[PDB]
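Novice: sequence? don't have it. structure:
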RNA sequence: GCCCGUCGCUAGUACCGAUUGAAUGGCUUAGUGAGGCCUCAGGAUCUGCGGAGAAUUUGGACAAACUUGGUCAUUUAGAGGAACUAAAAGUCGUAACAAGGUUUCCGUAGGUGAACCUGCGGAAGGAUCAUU
RNA sequence: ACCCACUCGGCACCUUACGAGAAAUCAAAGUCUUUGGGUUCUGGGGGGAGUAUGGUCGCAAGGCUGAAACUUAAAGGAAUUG
RNA sequence: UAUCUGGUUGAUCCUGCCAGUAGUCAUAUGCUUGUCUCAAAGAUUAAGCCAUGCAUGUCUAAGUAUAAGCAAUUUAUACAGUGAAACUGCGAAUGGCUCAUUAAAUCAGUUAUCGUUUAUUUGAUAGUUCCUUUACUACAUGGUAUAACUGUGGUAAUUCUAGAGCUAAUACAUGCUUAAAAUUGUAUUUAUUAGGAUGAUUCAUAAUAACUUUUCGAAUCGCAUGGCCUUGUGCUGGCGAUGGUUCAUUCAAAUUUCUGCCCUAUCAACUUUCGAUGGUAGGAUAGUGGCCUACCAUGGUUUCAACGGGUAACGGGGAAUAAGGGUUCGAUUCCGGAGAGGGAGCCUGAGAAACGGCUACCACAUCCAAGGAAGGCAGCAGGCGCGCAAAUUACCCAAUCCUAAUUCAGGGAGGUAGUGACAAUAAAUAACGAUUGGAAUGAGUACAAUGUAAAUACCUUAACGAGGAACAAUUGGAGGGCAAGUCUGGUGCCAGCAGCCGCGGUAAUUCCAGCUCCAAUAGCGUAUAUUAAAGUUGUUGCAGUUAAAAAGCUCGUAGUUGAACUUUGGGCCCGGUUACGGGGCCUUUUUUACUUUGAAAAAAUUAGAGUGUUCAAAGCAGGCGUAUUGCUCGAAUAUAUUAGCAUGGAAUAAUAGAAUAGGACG
RNA sequence: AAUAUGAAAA
RNA sequence: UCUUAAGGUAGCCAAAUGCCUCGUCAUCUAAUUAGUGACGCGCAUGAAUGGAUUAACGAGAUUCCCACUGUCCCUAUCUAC
């Protein structure tokens, strides 16, 4: 038959599931970033742990080692392109120094909120998932859309979205029709 | 398995064919021909996926049947003809002309040539015998047999064969200095010059090959193909001229030509 | 069918091998031809690859070569007299390889007389000159000297009648002829 | 305080157990031995001194399969017998833990409703590190 | 035969504890998470059980090898205070 | 991301296990269930049984067509186009499924064929076909059938077919046109002779004497019909297809070298009657070979674990989980095996021990009009049975390929759809305002288009489609590990809960309910197995006085281990890197183990590079244009242990040397 | 010199 | 508690010894008062008035099985005297 379709898990649930400090910290993160489930923080922490394992295995290698240079520059380049890392902290040890807050802050939810198109982070997620926010010039409804370093400048309302200057949605149309019928 | 196998699956296909792993169960199994099932490029993969001329196998078959396509000097109509290493494929209706050749990554390149060079091809003479009636003959890597060769032509040399008629235009010997094409092994596609051979008894022979940038490597003699003089190839080589720079160097070149 | 595989024979360490696969055609054997003498009867057996093998039986005559002379003549077969493998083949007159056989002597005798102009036991000018050039060729050894008087020649069968269909052979001579004669007369 | 064993009830597990016990599978001696194949023949019929050739048929090799024994492996019934385990409050004693009221334990042998008792030798894990 | 000193080899002993150990205690039970001088045997919670069985030795008593089903959350070791 | 925690006690320190915790492309099951992508799926027990219907057929210009077929000789009087039926040639030996049998067997890496067969493809290759040696030959070219058909029929019945009359071949059985150049083809076999390549050959090839029941060396087909005249149905002449011997090539096949496999001594000796190890010879093979046979010697394996037994054992690539070591699993998408209910035999064919091919027996099982006949779903669906355990008797050749005479036909191979909480990706169940309101949206419909073979869904989108009793999120839990109730009602060691410790006997933070709260959340729990934790399997890295454990003691073979010593130190330079490492010289100058480097080690998988599939799982796509021109980056990179191959070194550890000197030189 | 036993949970 | 000199111990059994008895259970068979293995409050087993077991042996007694057959179903024929 057909060659198997490879797949992988994007998170890893933690051992000792029941640490009070861990629960409080993750609920703090969820409350102040609008995350729907602990699965989102688990995925973010798993990506962080994977890139940190890669960074540690990279730092273990001797300096100017060809593999070390290639993989390190690739990793920091993708980190700065995503925007989780910053240009000034271009060294490799800052990858280790990274925290989950950077990845949670480079999300489309919080970036929409920072840009100011939303009243709250939850309002931002609602707007994102109702196909109202559009990166570049295309509608996207991914709250976890990792915005590139050249996309926050072009984050704005969708051309099709009623808040983006298009036809004023459905509820507004219904109420306008009702008002016109009453006034007729 | 109580007979010959007449099927090939995508995973079992050679990697340099570059078939995707998810479009279809099977791979185009090459029919019998001048070259082995591996290290050979079928015309269906040379048209549908290499040149993108036809979108489906049926359209590849239509192209083949209307006789636009001829490998070497003869027209080919089978859907999966095993065009090998130095085979010249014409496509006269579009006036292009390619010669198959390995890029430095280790895959069949799409290197185009002119007709003034397509009028010939080279072949690494793989065996020399005396056929019937005492007549000597040579057989090259594409099964092609030429009778009455020059007595100086021995195994591991290269013979230039005119596509109009099988005849020895000239030959290139196997000795130190000759530019060679590494066709086989980890150095698939690499090009360099020979400094010396090893010539072990019984075991596989070894040759030490250094290139223009003085990157010495070693390869079995069964995977080399001498193609011309010292820095004077008898054929036109694809882009890169058979030099493999490191991964970092490739990335730098890509970003500089971005 | 007779199986040629070693999967049925006991292992070198006495281990009874287990039945792995059913018998296969590419390892099949066939019964011996057991070629007798008289009234040639060769049956054609098809063999793998579409080839043909001549399973001979009851062969009449064979081509026998006198290696010292270099010539070979068709000759009728008197019969086997000694077989290195089995005496049953000798007893039942079976034609197989390396069989020591008696054959007719007249063709070789006539060839010798017409090529060297001599005789065993007991005319043109070109013929006399040819015999003078080939002089001292009647020095043929005493074995065959008395052989031709006996009228039958001892020859070793060098073909495989069960394979090629022919019973070609070569005349015993010298040391090997003496050895085989000694084996015959060992009593 | 703790605790031991016999006995009494209930339940479960396994073992021995007459039954020349019973099944399933593997290998195999021996007997019978289909079948196609090779071969010695037989030559209906058809065809131009010949050729092809069906039924049948001689021997040989391959050898299914059946039967009787042999062996190995995996399960499994069985009257009855003797154990073990478990389960809040059953009977008989008090054997051990204190010098447990005869110090205990080990081996061995005998005795006995039951723990256990006694003989011989050994140990202190003894109740003595000690009599110039 | 003594005395004194020294030495080799023994049964040991006294004091410490560098060190070890859970502790009782240990010149070995030390040179062990700073983990490797050589090697033999043995154990994997308590039972069931050194039982059944199959071997094997024994005149016998029994010895050597020696399970499994099943059952249980303790069994045990050393010290403390009562 | 090299971590633990609750439980023996009045309390302590240990051994020690129980229990908790987390993962599982690991299964089942319970409850609950909106969306997108992706997708496993009758393996476990029964390789158990199977109703039914499909899965292998196939033609061009180019084998045979007077179908009493179609359409026409507007090209033609032998035919001319198409074309059912049928002969002919190929294929049906591929694919698909399953994992029963298999423990040096398969299989993996690595070797060999100087040890052989090989349809097809590719490339070469038959003056000797007058050779039986110039009409065997008719060579402007040969012979007979026989299919297809009409008619007569038998049988209840089958993909049964008999008798009669027709007729072709690239079907069968024959047979020339080859002059003649030299010195008589090729094919088979025998014996003799010479002998460009390999590390090496009796190799390749060539020359002799022949043998052969005799192979092959074109009586085939479609197009184009052209040049020469001494103009004749004359002589020459193109493009092909098909066929053909030998050699090579390719697709392969069969054997083959070394190394490597789980548990078992409550399997220690096994093989060897009648094959066991080996030799000689012959048959047999496609070929080597005790593969088989005859004669002969008595050998071969084994405590470095043979032989035997079990395997809930197809092997591997790989999967889960892991600081390092490792443990467990691998029926299953790829490779190689083996099977078609068991077992054997065999035809055809290059290729089969073939089962969607036959033959027989066994076991099943079907229709009979009671004489007969026909089968193997471990293919596709599907049914029964077995079970804890696994989907529709659907559509299509549109992709990927495959086959055939072959662009066109066929393909339950394959794809699409249906079932599908196996698993993975993303992510709705609500946001804002003022102290009750507007604004948005997707679920769910649906004109339309895209999508597709046609469709369903997805992407888009007219219109419809939120205000709660709505469009309502569950699964487990609240004494501790393990955060979360010292709240209420009911029960009263009963019901019951409880992974463990334990709770409950009229004041239950523990049972059944309510409220509240908590963890995870379209998922959660339960059971089993396995991994980490486990330094409780301990090579790294356990313990043995008392916790379990040092055999009663000693001897001793196998095994493991085993005192030191043999070349050092020193000068002079060269060339690398920023002293650090190499090299050369002078100073009197036999086998291994090991170890560096390299070749070689299928993909898929793993790590990883690039790339906004709307992100992500994924995938290997894509990107940039003046977009009517078009151009262009890619699809890397590393492993790979053991085993084998070459190679640098001579420390470490074995191994022999010259002691009744037959010892070196010379 | 005789002295045996004291239920189940907490 | 009565009583004896002691109160059948080890063992074994419906045994050739068990009246009731064709004891009860199992196995053997279609069916078994038979056979065998068990159970033993044994009228009335039992220790050199020897107990139990026992390889081999037996013109001893008994049960079953295979082979075998005119023992029988069911009789018939032949020969000698």
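Specialist: The structure has been received and is ready for your questions. Numbers count the residues shown, from 1 in each chain, chains lettered A, B, ... in the order given.
Novice: now the residue of chain A found nearest RNA strand F, nearest residue through space, not along the chain?
Specialist: Residue nearest to RNA strand F within chain A (CB to the nearest atom of the strand): residue A:169, separated by 2.2 Å. For every residue, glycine as well, the C-beta is placed using N, CA and C. Leaving aside its sequence neighbours, residue A:169 sits nearest to residue A:162 (CB to CB, 6 or more residues apart in numbering or on different chains; 4.0 Å).
Novice: show me what contacts that neighbour?
Specialist: Residues in contact with residue A:162 (CB atoms under 8 Å, 6 or more residues apart in numbering or on different chains) are A:132, A:168, A:169, A:172.
Novice: spell out the secondary structure type for residue B:23.
Specialist: coil (DSSP: H, G, I helix; E, B strand; the rest coil).
Novice: so what's it closest to, chain neighbours aside?
Specialist: Per CB to CB, 6+ apart, closest to residue B:23 is residue B:10, 7.9 Å.
Novice: so how far is RNA strand D from that neighbour?
Specialist: Separation of residue B:10 from RNA strand D (CB to the nearest atom of the strand, to the nearest Å): 41 Å.
Novice: roughly how far does that residue sit from residue B:81?
Specialist: 19 Å (CB to CB, to the nearest Å).
Novice: compare neighbour counts for those two and give me the winner.
Specialist: residue B:81 (25 against 18; other CB atoms under 10 Å in any protein chain shown).
Novice: report the contact partners of the closest residue to that one other than its chain neighbours.
Specialist: Closest residue to residue B:81 apart from its sequence neighbours, by CB to CB, 6+ apart: residue B:43 at 5.0 Å. For residue B:43, the contact set (CB under 8 Å, 6+ apart) comprises B:60, B:64, B:69, B:71, B:76, B:78, B:79, B:80, B:81, B:83, B:89.
Novice: so which of the residues you listed are in strands?
Specialist: B:71, B:83, B:89 (DSSP state E).
Novice: columns neighbour count on top of these, output as a markdown table?
Specialist: What follows is those, written out as a markdown table (neighbours: other CB atoms under 10 Å in any protein chain shown):
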| residue | neighbour count |
| --- | --- |
| B:71 | 23 |
| B:83 | 26 |
| B:89 | 23 |
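Novice: which one of the residues you listed is nearest residue B:162?
Specialist: In terms of CB to CB, no member of the ones in strands among the contacts of residue B:43 lies closer to residue B:162 than residue B:71, at 15.2 Å.
Novice: who does the closest one form a beta bridge with?
Specialist: residue B:74, residue B:89 (DSSP bridges).
Novice: does it touch residue B:82 like I think?
Specialist: No: between residue B:71 and residue B:82 there is no contact under CB atoms under 8 Å: 9.3 Å.
Novice: residue in chain C nearest to RNA strand D?
Specialist: residue C:43 (3.3 Å).
Novice: that residue falls within a strand, correct?
Specialist: Yes: counting by three-state DSSP, residue C:43 is located in a strand.
Novice: identify the residue of chain C closest to chain A, quick one.
Specialist: residue C:21 (27.4 Å; CB to the nearest CB).
Novice: against residue B:61, how distant is the closest residue to that residue other than its chain neighbours?
Specialist: Distances taken as CB to CB, 6+ apart place residue C:7 nearest to residue C:21, at 7.5 Å, with adjacent residues excluded. In this view, residue C:7 and residue B:61 are 46 Å apart by CB to CB.
Novice: all set, thanks.
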